[PDB]
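Chains A and B, in that order, are what the protein sequence lines are. Read in order, the letters of the first sequence correspond to residues 12 to 101 in the entry's author numbering. Read in order, the letters of the second sequence correspond to residues 1 to 99 in the entry's author numbering. Don't be surprised by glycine CBs; every beta carbon is placed ideally from N, CA and C. Structure first, then comments.
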Amino acid sequence: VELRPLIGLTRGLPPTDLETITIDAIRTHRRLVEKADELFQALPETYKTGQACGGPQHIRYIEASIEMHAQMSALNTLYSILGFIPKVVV
Amino acid sequence: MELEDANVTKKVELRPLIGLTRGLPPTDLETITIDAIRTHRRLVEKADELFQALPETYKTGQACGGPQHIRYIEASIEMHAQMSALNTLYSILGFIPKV
């Protein structure tokens, strides 16, 4: 379990609400990844290969990626608490 | 930048941040952390407010479920998740900044 506090937070919640939260969390993650991808694609080549780093544009991409990773950690936790990955149409 | 607490008990909670921030100018890692600090404070305020707005039956645990409850939970999830991020940035910096 990546984010332990979610155990206690979701304690007692009806299983349909847990599933619902988890499905919405899948949708959010995918939206976050698409955003992080978009910003990455717009970076100059040099930042893409790691030759250069820093500056506002690169920081914005980094921030988008952090949000994506933080979310994924939550999502993985939700899977452990739910007991499954729900079927979601992509 | 201004330091709040030195020699932190580093918990690297979100591994990918290390590679993300590798090589940044120190000023840029500090700008990231500061904005993460401000973000976290914000998320806490929102989750705490949503909690206080719940009907007293939900706060006591006499009731659960439904859209309002879910909304509090999701806000809370976002707060915990962002705090995992922030604790990792503190590990990378080696200190907690004052903001």
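| query | If you measure from the beta carbon of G65 (chain A) to each beta carbon in chain B, is any gap under 8 Å? | reply | yes
| task | Starting from the C-beta of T88 (chain B), find all residues in its chain whose C-beta is less than 7 Å away, skip the five residues before and the five after it, and write them out in chain order. | result | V12, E13, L14, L17
| request: Could you tell me whether the Cβ of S91 (chain B) comes closer than 8 Å to any Cβ of chain A? | output: no
| Which chain B residues are close to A81 (chain A), counting only those with a beta carbon under 7 Å from its beta carbon? | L14, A81, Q82, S84, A85
| query | Just checking my contact of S84 (chain B) with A47 (chain B) at CB under 8 Å: how many whole Å lie between their CB atoms? | reply | Actually they are not in contact, since the Cβ atoms of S84 (chain B) and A47 (chain B) sit about 15 Å apart, beyond 8 Å.
| field | Partners in chain A for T9 (chain B), counting only beta-carbon separations shorter than 8 Å | value | Result: empty, since nearest Cβ-Cβ is about 16 Å, beyond 8 Å.
| Taking all protein chains shown into account, do 16 or more other C-beta atoms lie within 10 angstroms of the C-beta of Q82 (chain A), making it buried, or fewer, making it exposed? | buried
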